[PDB]
Amino acid sequence: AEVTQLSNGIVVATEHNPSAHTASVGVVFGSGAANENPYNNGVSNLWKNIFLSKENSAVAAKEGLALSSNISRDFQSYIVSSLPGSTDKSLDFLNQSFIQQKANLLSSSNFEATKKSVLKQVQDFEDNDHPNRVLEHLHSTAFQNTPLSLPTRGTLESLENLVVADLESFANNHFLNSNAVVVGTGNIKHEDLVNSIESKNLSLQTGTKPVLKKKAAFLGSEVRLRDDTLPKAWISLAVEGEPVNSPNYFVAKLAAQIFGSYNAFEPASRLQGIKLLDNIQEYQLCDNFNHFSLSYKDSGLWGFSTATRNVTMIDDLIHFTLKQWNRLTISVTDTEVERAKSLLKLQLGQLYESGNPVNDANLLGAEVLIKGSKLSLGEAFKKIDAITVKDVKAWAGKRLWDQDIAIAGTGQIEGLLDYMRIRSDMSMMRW
Amino acid sequence: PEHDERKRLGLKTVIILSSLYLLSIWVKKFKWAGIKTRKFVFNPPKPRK
Ligand SMILES: CCCCCCCCCCCO[C@@H]1O[C@H](CO)[C@@H](O[C@H]2O[C@H](CO)[C@@H](O)[C@H](O)[C@H]2O)[C@H](O)[C@H]1O
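Next comes the structure, spelled out in structure tokens:
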């Protein structure tokens, strides 16, 4: 009823949900793509896929279990889902995969087949997923030569050069008890899980701490992947944002909610209380846009992504959007701040109070790894309601006004002006 | 008869203009720094279109 957190060597964290009809048990490691290098980039993604390999999944399915794995920038997860009663069967599989097995999943035929699978996977993403590919390039240029610049799926070049040894090296260096948290969500009790874990013994690399490196840094820059054969222009643009556990974490998320998301083809989306919408609908400057406040351990990105077929008016799209951002520093109104509060609460509620145990597992593990605990919506909502117009203006004057930007784009971006023209729009002339 | 005053104004004028000229060069270089150090890479597209 408040999320329990116990440690006996292995940190166990659970979140009991009485309305849930299933249960998820897994392990979340405090290491992701941000802990790789340009040459082993994609190793985590390769691990995810061998864990989700047919051999491993068939074994789990026979037991009535479903496997899930997510590779993020700061973390990595491996979850098993089952009925509330088969919760102990999940632990056995989990125990087996990360303690008993090794040479079973890393066999020549399984590794090569899995490698070939992720290779075609990544190739398709880079070849067809334009909005996400652009967002990945935003991170790449914004944090270039820094941990946060590496794509989570890895790069084709490094992927084709990866061997079983690379996987093992990463596992020995990151899949450690000191860098992990065993999570339990859905319909399960803490005692049931802690005792079932405390039932077994061993340690498997005890006291071993993960590798350390240099911190993430934001660099005003841009990467342009022009492709005149594509039907649209896809653009992502952002300034240095807030890291997780930043004092302005919510103020930044609220600022992003002010401008929000938009889908020109959805009737209700066109009626939102967003001033930018009055400027962009007259000549239909875009098909959609979405503002974000991405937060990581060392840094973050605040900005937006947009897609448009109006290739001759991209300059107006960017101009109007950045002119609106200017407003956060000098003229954002009370009702805009109040509307943002309500919608932010709804966003967080939908994110944290989702009816999915695997989602809760990922969120719970990631947070307890970073701050040792998980913040409740009750506390989050209180912080949000305390945000004032002066807080937004103070934050904007620091993060937005006359600040460097990172830009990424693909498709028909001839109309996207030079860096300086876009950068100049981060402020307004004053007397 | 304007000789003395003309030369005096000339000193003021050349000093201000020389400074403006040097200042403008520096300002120009800054505004162009992004374009000047710009880098391009070519990866021949896959034959399909
Ligand atoms: C015809 C001969 C007449 C020549 C007269 C010379 C004109 C001089 C104009 C000087 C300054 O005009 C001034 O310019 C600076 C930018 O340099 C503007 O600054 C604006 O952009 C800068 C740079 O992104 C921001 O830091 C600043 O917060 C913002 O207000 C300022 O608001 C404006 O008031």
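Protein chains in written order, with PDB author numbering: chain A, 27 to 457; chain D, 261 to 309.
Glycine is no exception: its CB is placed at the ideal position from the N, C-alpha and C atoms.
Please return the same chain residues whose Cβ sits closer than 7 Å to the Cβ of residue i, not counting the five positions on each side in sequence.
i: residue 171 of chain A; result: none
i: residue 333 of chain A; result: 157, 258, 260, 312, 313, 314
i: residue 224 of chain A; result: 34
i: residue 302 of chain A; result: 285, 346, 347, 350
i: residue 174 of chain A; result: 60, 99, 165, 242, 322, 324, 325
If the cut is a Cβ gap below 9 Å, which residues of chain A does residue i touch?
i: residue 288 of chain D; result: Ordered by position in chain A, no residue passes the 9 Å Cβ test against residue 288 of chain D, which lies about 12 Å from the chain.
i: residue 291 of chain D; result: 446
i: residue 296 of chain D; result: The premise fails here: residue 296 of chain D is roughly 12 Å from chain A at the closest Cβ pair, so nothing lies under 9 Å.
Using three-state DSSP, classify residue i as helix, strand or coil.
i: residue 333 of chain A; result: strand
i: residue 458 of chain A; result: Any property of residue 458 of chain A remains undetermined from this structure, which presents chain A solely from 27 to 457.
i: residue 365 of chain A; result: helix
i: residue 47 of chain A; result: coil
i: residue 385 of chain A; result: helix
i: residue 307 of chain A; result: coil
i: residue 375 of chain A; result: helix
i: residue 322 of chain A; result: coil
i: residue 133 of chain A; result: coil
i: residue 320 of chain D; result: Since the first and last residues shown for chain D are 261 and 309, residue 320 of chain D lies out of range.
i: residue 414 of chain A; result: coil
i: residue 213 of chain A; result: coil
i: residue 261 of chain A; result: strand
i: residue 179 of chain A; result: coil
i: residue 308 of chain D; result: coil
i: residue 237 of chain A; result: coil
i: residue 95 of chain A; result: strand
i: residue 184 of chain A; result: helix
i: residue 442 of chain A; result: coil
i: residue 404 of chain A; result: helix
i: residue 105 of chain A; result: strand
i: residue 32 of chain A; result: strand
i: residue 449 of chain A; result: helix
i: residue 227 of chain A; result: coil
i: residue 171 of chain A; result: coil
i: residue 328 of chain A; result: strand
i: residue 90 of chain A; result: coil
i: residue 303 of chain D; result: coil
i: residue 437 of chain A; result: strand
Please determine, among the options, the residue with the shortest C-alpha to C-alpha distance to residue i.
i: residue 427 of chain A; options: A/205, A/327, A/265; result: A/265
i: residue 198 of chain A; options: A/184, A/128, A/250; result: A/128
i: residue 316 of chain A; options: A/370, A/283, A/219; result: A/283
i: residue 32 of chain A; options: A/215, A/419, A/190; result: A/215
i: residue 305 of chain D; options: A/300, A/349, A/254; result: A/254
i: residue 190 of chain A; options: A/206, A/131, A/248; result: A/131
i: residue 413 of chain A; options: A/94, A/164, A/368, A/376; result: A/368
i: residue 326 of chain A; options: A/267, A/281, A/135, A/307; result: A/267
i: residue 243 of chain A; options: A/60, A/40, A/457; result: A/60
i: residue 432 of chain A; options: A/445, A/439, A/65, A/420; result: A/445
i: residue 144 of chain A; options: A/299, A/417, A/182; result: A/182
i: residue 88 of chain A; options: A/116, A/62, A/372, A/125; result: A/116
Report all residues from its chain with a CB closer than 8 Å to the CB of residue i; omit the five preceding and five following residues, and keep chain order.
i: residue 229 of chain A; result: 35, 203
i: residue 217 of chain A; result: none
i: residue 339 of chain A; result: 309, 311, 441
i: residue 415 of chain A; result: 358, 359, 360, 363
i: residue 160 of chain A; result: 251, 260, 261, 262, 331, 434, 435, 436
i: residue 92 of chain A; result: 86, 106, 107, 108
i: residue 77 of chain A; result: 93, 95, 104, 123, 131
i: residue 152 of chain A; result: 159, 182
Residues of chain A with CB closer than 7 Å to the CB of residue i, please, in chain order.
i: residue 309 of chain D; result: 255
Skipping 5 residues on each side, what residues in its chain have a beta carbon closer than 6 Å to that of residue i?
i: residue 212 of chain A; result: 43, 46, 48, 49, 50, 383
i: residue 207 of chain A; result: 37, 39, 54, 391, 394, 395
i: residue 234 of chain A; result: 202
i: residue 74 of chain A; result: 95, 97
I believe residue i touches residue j by the beta-carbon criterion, under 8 Å. Please report the beta-carbon distance rounded to the nearest angstrom.
i: residue 324 of chain A; j: residue 443 of chain A; result: Contact flag wrong, Cβ pair sits at about 31 Å.
i: residue 52 of chain A; j: residue 220 of chain A; result: The Cβ separation is near 15 Å, so there is no contact.
i: residue 387 of chain A; j: residue 103 of chain A; result: 7 Å
i: residue 370 of chain A; j: residue 279 of chain A; result: 6 Å
i: residue 58 of chain A; j: residue 98 of chain A; result: 5 Å
i: residue 177 of chain A; j: residue 166 of chain A; result: 7 Å
i: residue 72 of chain A; j: residue 140 of chain A; result: 7 Å
i: residue 146 of chain A; j: residue 271 of chain A; result: Residue 146 of chain A to residue 271 of chain A, Cβ: 38 Å. No contact.
i: residue 246 of chain A; j: residue 430 of chain A; result: 3 Å
i: residue 418 of chain A; j: residue 237 of chain A; result: Going by Cβ atoms, the distance from residue 418 of chain A to residue 237 of chain A rounds to 39 Å, so no, they are not a contact pair.
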